[PDB]
Amino acid sequence: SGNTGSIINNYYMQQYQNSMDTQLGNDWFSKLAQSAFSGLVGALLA
Amino acid sequence: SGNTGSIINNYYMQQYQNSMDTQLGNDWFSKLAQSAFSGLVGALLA
Amino acid sequence: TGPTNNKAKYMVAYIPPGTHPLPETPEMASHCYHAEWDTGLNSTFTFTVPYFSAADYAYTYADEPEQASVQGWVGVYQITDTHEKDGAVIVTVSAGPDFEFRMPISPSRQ
Amino acid sequence: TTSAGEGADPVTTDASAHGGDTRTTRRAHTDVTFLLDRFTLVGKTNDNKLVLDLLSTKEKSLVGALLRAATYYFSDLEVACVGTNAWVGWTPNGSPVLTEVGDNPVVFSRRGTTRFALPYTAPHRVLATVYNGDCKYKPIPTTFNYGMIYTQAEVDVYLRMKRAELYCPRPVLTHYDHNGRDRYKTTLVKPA
Amino acid sequence: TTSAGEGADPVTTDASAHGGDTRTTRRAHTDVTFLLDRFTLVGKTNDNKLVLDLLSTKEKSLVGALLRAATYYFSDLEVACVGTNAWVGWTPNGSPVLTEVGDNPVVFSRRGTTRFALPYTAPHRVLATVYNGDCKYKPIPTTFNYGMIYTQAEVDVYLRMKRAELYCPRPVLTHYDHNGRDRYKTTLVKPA
Amino acid sequence: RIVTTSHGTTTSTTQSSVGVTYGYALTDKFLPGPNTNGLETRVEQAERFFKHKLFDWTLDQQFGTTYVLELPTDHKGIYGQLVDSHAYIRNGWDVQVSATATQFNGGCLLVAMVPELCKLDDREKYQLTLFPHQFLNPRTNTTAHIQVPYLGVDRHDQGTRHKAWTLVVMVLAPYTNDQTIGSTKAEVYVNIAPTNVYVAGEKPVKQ
Amino acid sequence: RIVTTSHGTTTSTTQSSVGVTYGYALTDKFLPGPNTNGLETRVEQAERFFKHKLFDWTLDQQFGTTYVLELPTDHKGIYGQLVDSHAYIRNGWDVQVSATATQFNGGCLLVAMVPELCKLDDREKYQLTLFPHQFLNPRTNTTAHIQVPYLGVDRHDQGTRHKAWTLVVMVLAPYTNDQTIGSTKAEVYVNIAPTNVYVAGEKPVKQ
């Protein structure tokens, strides 16, 4: 992802290149956008 | 194609190396050339 | 935004480039891509400003030597209003479903 | 389309009402992650030190502006100090300020620039660009940082946000001045 | 072969009428793409700036001449600025002219030359080498460009067309001067 | 009662619709005849809305007051161009008429499309209801909508001159503003669109 | 060699055809793009022949003499109306050019459709054959016919200004009348018809 693109790869291990994410126990705006009304209120003619 | 020839390859991804082409919804001159008359008008003798 | 008893009727049009005397009347403006609507139970009306141009993309900025809008104009007219005491119409703008930006630039400074 | 705008439910329309189509769109350039994934110049070091604070980014630059368009964010970081200097060193979020880095991560220069990669080091799940903590508005905590660098000489510092995540959008205002004119206008690149 | 030449339908003949053969031909060297895929020197920068306009190519050079042999074209581009200078920067087609690149793509020099690759950035499906727009002939738009570069110092600029496509051929004239002589003649490379 | 009528790139949304009145036919089916030799053609680009102010409905106008608009009218758009390029033309009409008054006003206008209206006596006004029509009654609606087909002794008309249809708006009950919050007048506007336009017999425009 | 080309209500019959020259493409296929948002429309009524006198081919004109006609040209018919009603337009061209001389005259004209013709040097004239073309040679024919597609960096043009195509007729060999019965000059006429016309972006005509 992002603005990095080497068809080949990455030389150093993941635990060194980046921080490791953790979880306990999702794009609000995409969903919000998706939900917009795009129809027609009332009746259409011709 | 062109004047580039590395038996091996290209290191960076395509989306970075070049612009991506798009389509909507072919060599005129090759065709034109192909279509030229190369025969003989009239009758041949001997 | 007007009170219940104040009624009006509006219209908005997209005027293409090169149009000459930009229409000043509903009557003249009716010759463009347009939409007319009146007040009632629903307070809000949404209009779609289209994309016409010779090219597939347009510029976000305007070159210094550019006398007229290369992309035309949008005119909002009031055809009629019951009461001359104003009725405010809040205008707002959002990206259409097929809108798109390309070529990030940091235009930075002065 | 008429609608009951008061409720604030989104409305997005085509040109179909007027007989139109919809073009194919490719929004790769408005992708947040892609956008922030570039080096931005934040300035020069001070006494050969610089706290890594993303709020140091120039607010009118593409990155400075976009970062500020979100209330919360998270990212890893890359740094590049350009200048004639021998070595850039670093300490994580929460470490005491030192007189000399000695023994903490140190990286030597190579052809006038030193570039290296770092991990998010804050103690919070995410950071904020604004924080209404005891500043009663009437009509930034110590912890919000990515560490500190120490250099051998003065240099220009560049930051690059990696793996960026943004939450809760905020306004992005135009910064050009209309003056008195109606349209804005500038000289765009043209064949001479 | 006799023919009704008026209709303009092509006619291409062998030597077979006279008893001849046809040799095997390999036209790799007249391939348009191959031909334009090389670096051509367009000149030096000005105030350490240069608009990337392929029409800047020297019109008597192999590339300048061939590019002009087509009405329309499309290609990606590679740039190389040779000279003693620190860094070449760039902005795409349609961006306002700036005082400093700062933050837009920047590339540092390496052993006296800076070479890099770019994408076609115009808003048109293809560009033209000529454009009869309001110039009534009696017996070039702003948009036609590949962006602009900014440098740290004066340098020689080279352009290389990649993935080239040409449409609608135009004339290619000889540029040597016969003087009064019938044949042309020059000194060709020979063993000394 | 929200209804959006659209023609071409033009739309019209009303929130006080009272329905559409179809006059003499449910559709304007076009049956080509021998008068055009099969050379007629449809020009869809012309089928869009155009607007006009008809008059101001005021307190002094009394029963019988009549305003008319003969169709085809003068057009400064595509429809009008047809008239310069072709000798013969035919089409129907989609008519919307409005009188924007407050619900605290009173009175009533009768809106009708009358064919071949050369003259009208005052007694004949009591029977205008035999023609396709609708009513503008403030307490109820601010919009009227009548749709009529092409009509005539001939399959086509030779460019204007002959006005097969005339829109007529007449005061039945006078406008009132006795409740303090009403308006003192109501502007009357027309939103019309030609339908099924077929033209024939091309001639040079200009010189 | 009798060929009748017809467009709309206009026909053209020649008895000295030498074929049609298709330039750069066998057809002008219209592929709608995002620049029109799908609002463009075809206006077939415009696709018909119009005529123009280009010049008189005479005995004094020498090799290199050139007459051009930039397209689109001024039109006093339907096509011209499109320009007043719409902001954007696109179309191809079906071109017929004639020079009526007797078979006892001599000489030769080169007829070509050149794109983006801003300027032409005299040396470039020797290579005009790289453009779609045909020849007018009295001994053989009095008609030329070239058909070309819409061309341009943009899918549409903003009404004229930009002349993507320019018809060029140039003397190759000078006209002669050395056999007593020939004519002293040949008038050169043009018969053109726009093809596949699609317009978009409507604005008001008049005022």
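Cut-offs used in this document
Residues numbered from 1 in each chain as written, not as in the entry; some residues may be left out. Chains lettered and ligands numbered in written order. Part of a larger assembly, values for the part shown. Heavy atoms only, no water. 1 Å grid on protein atoms, 1.4 Å probe; cavity = no way out; pocket = protein on both sides within 12 Å on 5 of 7 lines; lining within 4 Å. Points joined across faces, edges and corners; volume = space filled by probe spheres on them. Helix = DSSP H or I, 4+ residues; strand = E, 2+ residues; numbered from the N terminus. Nonpolar A, V, L, I, M, F, W, Y, C, P; charged D, E, K, R; others polar. Disulfide = S-S within 2.5 Å. Contact = heavy atoms within 4.5 Å. Axes fitted to C-alpha atoms, helices over the stretch in contact; angles between N-to-C directions. Parallel < 35°, antiparallel > 145°, perpendicular 65-115°, else oblique. Left-handed = near helix turned anticlockwise from the far one by under 90°. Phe/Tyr/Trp six-rings, centres within 6.5 Å; stacked < 30°, edge-to-face > 60°. Buried < 20%, exposed > 50% of the residue type's maximum accessible area, 1.4 Å probe, protein only. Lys NZ or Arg CZ within 6 Å of the ring centre and 35° of its normal. Polar contact = N/O pair within 3.5 Å; in protein donor to acceptor, adjacent residues only side chain to side chain. Pairing = 2+ DSSP bridges. Buried area = accessible area lost by both parts, 1.4 Å probe. Salt bridge = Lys/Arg side-chain N within 4 Å of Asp/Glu carboxyl O. Core = buried A, V, L, I, M, F, W, Y, C linked by side-chain atoms within 4.5 Å.

- As recorded in the entry header, the structure was determined using X-ray crystallography to a resolution of 3.0 Å.

- For chain F, the PDB entry supplies the name POLYPROTEIN and the organism Foot-and-mouth disease virus.

- Within the PDB entry, the label attached to chain C reads POLYPROTEIN, and the organism entered is Foot-and-mouth disease virus.

## Regarding empty space enclosed by the protein
Part 1 of the reasoning: The computed volume of the largest cavity comes to approximately 200 Å³.
Part 2 of the reasoning: When contributions to the lining of the largest cavity are tallied by element, the ones reaching two or more residues are α1 (78–85) of chain F together with α1 (78–85) of chain G.
Part 3 of the reasoning: For the lining of the largest cavity, the per-class residue count stands at six nonpolar, eight polar and no charged.

## Observations regarding the state of the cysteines
Part 1 of the reasoning: In this structure the tally under the stated criterion is one disulfide over all chains.
Part 2 of the reasoning: With a sulfur-sulfur separation of 2.3 Å, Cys135 of chain E is cross-linked through a disulfide to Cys118 of chain G. With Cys135 of chain E in the loop between β6 (127–128) and β7 (148–150) and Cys118 of chain G in the loop between β8 (106–115) and β9 (133–136), this residue pair bridges two chains.

## Looking at the arrangement of the chains
Part 1 of the reasoning: With respect to C-alpha atoms, chain A approaches chain E no nearer than 13 Å, and the pair has no contact.
Part 2 of the reasoning: The two units chain B and chain F are non-contacting; their minimal C-alpha-C-alpha distance is 24 Å.

## Details of the packing of α1 of chain F against α1 of chain G
Helices that pack against each other are described as a pair by the angle of their axes relative to one another and the distance between those axes.
Part 1 of the reasoning: Two elements in contact, α1 of chain F and α1 of chain G, have axes separated by 11 Å at closest approach and are oriented at 160°. Taken together, the axes of α1 of chain F and α1 of chain G lie roughly antiparallel to each other. The two elements α1 of chain F and α1 of chain G meet at a crossing, and its hand is right-handed. Residues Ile78, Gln81, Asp84 and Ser85 of chain F of α1 of chain F touch α1 of chain G, and the partners they reach there are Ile78, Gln81, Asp84 and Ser85 of chain G.
Part 2 of the reasoning: Here the residues of the contact of α1 of chain F with α1 of chain G sort into two nonpolar, four polar and two charged.

## Details of the packing of aromatic side chains
Part 1 of the reasoning: Scanning the model with the defined rule gives 29 aromatic pairs over all chains in all.
Part 2 of the reasoning: For the pair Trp37 of chain C and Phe45 of chain C, a centre-to-centre distance of 4.4 Å together with 10° between the ring planes defines the contact as stacked. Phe45 of chain C shares its class with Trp37 of chain C; the two are buried.
Part 3 of the reasoning: Ring-pair connections join several aromatic residues into one group, and the members of that group are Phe29 of chain B together with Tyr24 and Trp165 of chain G.
Part 4 of the reasoning: Just above the ring of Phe34 of chain D sits the side chain of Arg38 of chain D; from NZ or CZ to the centre is 5.1 Å.

## Some thoughts on the environment of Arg163 of chain D
Part 1 of the reasoning: Mapping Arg163 of chain D onto the fold places it in strand β9 (residues 156–169).
Part 2 of the reasoning: Each C-alpha atom of the pair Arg163 of chain D and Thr142 of chain D lies 23 Å from the other, and the pair is 21 residues apart in sequence.
Part 3 of the reasoning: In contact with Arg163 of chain D, not counting residues within four places along its chain, are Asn18, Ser19 and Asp21 of chain A together with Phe74, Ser75 and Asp76 of chain D.
Part 4 of the reasoning: Within the local environment of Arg163 of chain D, its side chain forms a polar contact with the side chain of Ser19 of chain A, the two groups lying 2.9 Å apart.

## Some thoughts on α1 of chain F
Part 1 of the reasoning: Along α1 of chain F, six of the eight residues are buried, which leaves the element largely enclosed by surrounding structure.
Part 2 of the reasoning: Listed in full, the buried residues belonging to α1 of chain F are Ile78, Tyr79, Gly80, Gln81, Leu82 and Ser85 of chain F.
Part 3 of the reasoning: Where the residues of α1 of chain F are buried, they touch β7 (86–99) and β12 (185–202) of chain F together with α1 and β7 (86–99) of chain G.

## A closer look at the sheet that holds strand β1 (residues 8–15) of chain C
Part 1 of the reasoning: The strand order across the open sheet formed by six strands is β1(A)-β1(F)-β2(F)-β2(C)-β1(C)-β4(C), and the pairing between neighbours is mixed. Of all the strands in the sheet, just β1 (43–45) of chain A together with β4 (73–81) of chain C have a single pairing partner and so form its edges. Taken pair by pair, the neighbouring strands of this sheet meet at an average axis angle of 15°, ignoring direction.
Part 2 of the reasoning: In this sheet, strand β2 (residues 33–38) of chain C lies alongside β1 of chain C in antiparallel orientation, the contact comprising six bridges. Bridge pairing links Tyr14 of chain C to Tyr33 of chain C in β2 of chain C.

## What about the interface of chain E and chain G?
Part 1 of the reasoning: At the interface, 28 residues of chain E touch 35 residues of chain G.
Part 2 of the reasoning: Both sides of the chain E and chain G interface together cover about 2900 Å² of buried area, and 55% of this is carbon and sulfur.
Part 3 of the reasoning: On the chain E side of the contact with chain G, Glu6, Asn132 and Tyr137 of chain E bury the most area, a combined 28% of that side's loss.
Part 4 of the reasoning: Applying the counting criterion to the chain E and chain G interface returns one salt bridge.

## A short note on the nonpolar core
Within soluble globular proteins, side chains that are nonpolar tend to cluster in buried spots.
Part 1 of the reasoning: Membership of the largest hydrophobic core comes to 85 residues, with the highest contact counts inside it found for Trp93 and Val97 of chain G.
Part 2 of the reasoning: Aside from chain neighbours lying at most four places away, what touches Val97 of chain G is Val111, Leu136, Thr142, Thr143, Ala144, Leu167, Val169, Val188, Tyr189 and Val190 of chain G.
Part 3 of the reasoning: Ranked by size, the runner-up nonpolar core spans 36 residues in total, among them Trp93, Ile146, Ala164 and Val169 of chain F.

## Here we look at the sheet that holds β7 of chain E
Residue and element names in this part refer to chain E.
Part 1 of the reasoning: On the basis of which strands lie adjacent, the open sheet formed by three strands has the order β2-β7-β4 and antiparallel pairing. On the outer flanks of this sheet lie β2 (49–51) and β4 (89–91), each paired with one strand and no other. For this sheet the average axis-to-axis angle between neighbouring strands, irrespective of direction, equals 20°.

## Points about the interface of chain C and chain G
Part 1 of the reasoning: Counting from both sides, the interface comprises 17 residues of chain C and, opposite them, 17 residues of chain G.
Part 2 of the reasoning: Buried surface at the junction of chain C and chain G, both sides included, amounts to about 1600 Å², of which 59% is carbon and sulfur.
Part 3 of the reasoning: Of all residues in chain C, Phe52, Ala54 and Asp56 of chain C give up the largest surface area on contact with chain G, accounting jointly for 34% of the area buried on that side.
Part 4 of the reasoning: At the junction of chain C with chain G, the criterion picks out one salt bridge.
Part 5 of the reasoning: Two residues, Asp56 of chain C and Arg155 of chain G, come together in a salt bridge whose shortest N-O distance is 2.4 Å.
Part 6 of the reasoning: Linking chain C with chain G are four residue pairs in polar contact, by the criterion used here.
Part 7 of the reasoning: Residues that form the side of chain C that touches chain G fall into these classes: 12 nonpolar, four polar and one charged.

## A few points about the pattern of salt bridges
Residues and elements named next belong to chain C.
Part 1 of the reasoning: As enumerated under the stated definition, the model contains 37 salt bridges over all chains in all.
Part 2 of the reasoning: A salt bridge links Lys9 to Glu36; its shortest N-O distance comes to 3.5 Å. Of this pair, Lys9 sits in strand β1 while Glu36 sits in strand β2, placing them 27 residues apart in sequence.
Part 3 of the reasoning: A residue is classified by how much of its surface remains accessible, and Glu36, at 3% relative accessible area, is buried.

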